[PDB]
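Reading through the structure tokens given below for one structure.
There are 2 protein chains.
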Amino acid sequence: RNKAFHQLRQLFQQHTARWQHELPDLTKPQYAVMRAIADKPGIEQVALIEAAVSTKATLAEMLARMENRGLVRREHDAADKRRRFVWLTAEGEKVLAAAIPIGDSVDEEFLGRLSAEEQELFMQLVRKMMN
Amino acid sequence: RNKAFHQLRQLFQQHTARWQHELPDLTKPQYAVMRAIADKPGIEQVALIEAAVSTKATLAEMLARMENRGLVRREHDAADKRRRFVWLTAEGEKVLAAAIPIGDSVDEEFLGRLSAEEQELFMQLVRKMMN
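Protein chains in written order, with PDB author numbering: chain A, 4 to 134; chain A', 4 to 134. A prime marks a further copy of an entry chain.
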């Protein structure tokens with residue numbers, strides 16, 4: 004179709020499908036969460052919605068499953084047990100470190116068909132469409 | 004993040020969220036299916052996976068729910084009851100015709116921040132990354 008956002012879902016689904024084959028137990032939302040926890044340990048669970056793209060509900064179920072698999076650990080505010088702080092466990096660290104090159108490689112199967120200038124320009128368009 | 008595909012999911016989720024508010028009972032996959040049935044009535048259910056971006060399973064559940072709401076109707080091959088042909092009902096026609104301007108409008112909140120040349124160029128990048 005000639006619809007930009009239809010072709011967008013085409014590209015996004017192909018990337019997701021390749022991601023699923025390569026990382027069957029770590030989806031892109033789960034991977035992004037873990038990336039965001041690594042470069043900000045103790046990040047607030049609420050601040051992790053922007054840093055990972057999600058809703059409060061989806062992040063809650065995600066973090067529960069990751070907590071259930073020993074990938075992350077969480078601590079609460081003593082004054083407001085609603086707010087939570089999230090860290091990556093040593094097991095989660097190992098999972099994340101191994102997944103980064105695989106994710107980069109899945110990105111590269113698509114980004115690699117673009118020049119560095121084209122990749123940068125794709126990024127400025129996507130950012131201009133958001134802000 | 005500086006990751007093109009992370010920002011892609013950012014843009015795609017914002018568009019989906021606005022789509023959900025405007026068309027709560029017609030998701031983008033459901034809308035794309037209906038568009039593809041309109042300009043090819045009697046299309047084979049299997050051929051509707053490409054024309055709508057989906058898996059066989061997701062399309063089956065989608066078409067069942069749409070059939071259950073009288074939006075589409077289906078006929079089978081007499082020699083192979085597995086294969087199905089899909090049409091839009093008159094009620095589905097009305098739903099589709101009303102949804103097209105709303106969808107275009109949701110697309111426009113993002114595409115409108117781009118010049119015609121920028122929109123065309125975003126499309127060539129997305130297509131170059133797929134083929």
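Beta carbons: idealized from backbone N, C-alpha and C, even for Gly.
By alpha-carbon positions, which one of the options ends up nearest to residue i?
i      : options                          : result
A'/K6  : A/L66, A/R68, A/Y34              : A/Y34
A/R86  : A/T30, A/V49, A/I103, A/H18      : A/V49
A'/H79 : A'/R21, A'/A54, A'/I46           : A'/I46
A/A93  : A/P44, A/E112, A/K84, A/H24      : A/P44
A'/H24 : A'/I105, A'/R38, A'/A101, A'/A81 : A'/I105
A/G95  : A/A81, A/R76, A/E64              : A/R76
A'/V36 : A'/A81, A'/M69, A'/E121, A'/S118 : A'/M69
A'/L91 : A'/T19, A'/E64, A'/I40           : A'/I40
A'/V98 : A'/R4, A'/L26, A'/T19            : A'/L26
A'/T58 : A/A60, A/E64, A/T19              : A/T19
A/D42  : A'/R4, A'/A119, A'/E121          : A'/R4
A'/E64 : A'/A119, A'/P32, A'/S108         : A'/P32
Name, please, each residue of chain A whose Cβ falls closer than 7 Å to the Cβ of residue i.
i      : result
A'/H79 : Within chain A, no residue comes near A'/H79; the closest Cβ sits about 27 Å away, beyond 7 Å.
A'/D28 : Under the 7 Å cutoff, chain A gives no residues; its nearest Cβ is about 19 Å from A'/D28.
A'/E70 : Those within 7 Å of A'/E70 in chain A number zero; the least Cβ separation is about 23 Å.
A'/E64 : Here the premise fails: no neighbours, minimum Cβ distance about 16 Å.
Report the three-state DSSP secondary structure of residue i (helix, strand or coil).
i       : result
A'/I46  : strand
A/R86   : coil
A/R130  : helix
A'/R12  : helix
A'/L74  : coil
A/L29   : coil
A'/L117 : coil
Is any beta-carbon of chain D found at less than 8 Å from that of residue i?
i       : result
A'/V129 : Absent from the structure: chain D. Protein chains present are A and A'.
Measuring CB to CB, does residue i end up less than 8 Å from residue j?
i      : j       : result
A/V89  : A/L66   : yes
A'/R72 : A/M132  : no
A'/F8  : A/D83   : no
A'/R21 : A'/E123 : no
A'/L29 : A'/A102 : yes
A'/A55 : A'/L62  : yes
Taking C-beta pairs closer than 7 Å, name the residues in chain A' that residue i reaches, listed in chain order.
i      : result
A/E47  : Near A/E47 there are no residues of chain A' at all, since even the closest Cβ is about 18 Å away, more than 7 Å.
A/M126 : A7, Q10
A/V56  : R12, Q13, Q16
A/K31  : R12
Quick one: list the residues of chain A neighbouring residue i, beta-carbon separation under 9 Å, in chain order.
i       : result
A'/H24  : The contacting residues do not exist; A'/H24 stays about 13 Å from chain A at best.
A'/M133 : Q10, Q13, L14, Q17, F113, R116
A'/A35  : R4, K6, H9, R12
Residues of chain A' with CB under 9 Å from residue i, in chain order?
i     : result
A/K97 : Chain A' residues near A/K97: none, gap ~21 Å exceeds 9 Å.
A/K59 : Within 9 Å Cβ-Cβ: nothing; A/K59 doesn't reach chain A', min ~13 Å.
Below 8 Å on C-beta distance, what does residue i contact in chain A?
i       : result
A'/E121 : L128, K131
A'/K43  : Within chain A, no residue comes near A'/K43; the closest Cβ sits about 12 Å away, beyond 8 Å.
Whose Cβ in chain A' lies nearer than 8 Å to the Cβ of residue i?
i      : result
A/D110 : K6, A7, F8
Exercise. Inspect the CB distances between the stretch 49-59 of chain A and the stretch 119-131 of chain A and report whether three or more fall short of 8 Å.
Key: Cβ pair count under 8 Å is below three, so no.
Quiz item: Quick check: the stretch 8-22 of chain A' against the stretch 6-20 of chain A, are there 3 or more CB pairs under 8 Å?
Solution: Touching, yes.
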